[PDB]
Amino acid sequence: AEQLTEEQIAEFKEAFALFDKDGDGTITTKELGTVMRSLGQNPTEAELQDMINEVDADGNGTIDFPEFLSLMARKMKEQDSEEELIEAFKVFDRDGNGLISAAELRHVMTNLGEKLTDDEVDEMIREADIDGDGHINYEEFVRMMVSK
């Protein structure tokens, strides 16, 4: 009773069409290459082959539209969970400097209904901190959120 509407499919065909320059229904390493170069990156042939191999489920050396539909689904699913984590990081990082301090984390925990001492909060930071600055940056934040 669901998965994809005609309209989503139509928009996924538009995207496929940008890459499939000659309209044969497949994207080759060299078509991938033409699109990347247009975006200011010039990958070597070996780099292009690793990107296709990643996506090529049947091993025929090219990406058809079912294969691109699979890819696009995994990717946007992933882009959603990254949006969530970036959003939760910017509410904690009250001054926007890239780093959650102990004062910032304690203030947000109190608005979440948890009145924590500075010792409690220092312990929370200490478990998550990797570079030893006593702040949580985004990388340390994601590594804690995805599992301790």
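Note that residue numbering follows the sequence shown and begins at 1.
When the mean C-alpha temperature factors of 75-83 and 52-60 are read from the deposited coordinates, 75-83 comes out higher. The deposited model assigns a higher average Cα B-factor to 6-14 than to the other stretch when 126-134 and 6-14 are compared. In this structure the maximum Cα B-factor among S38, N97, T28, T117 is found at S38.
Residue-level temperature factors show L32 in the lowest third of its chain, judged at the C-alpha atom. When the modelled residues of the chain are ordered by C-alpha B-factor, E67 sits in the lowest third. Looking at the C-alpha B-factors along this chain, the one for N42 belongs to the highest third. In the PDB entry, a CA B factor belonging to the lowest third of its chain's modelled residues is recorded for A102. Ranked by Cα temperature factor within the chain, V121 sits in the lowest third according to the deposited record.
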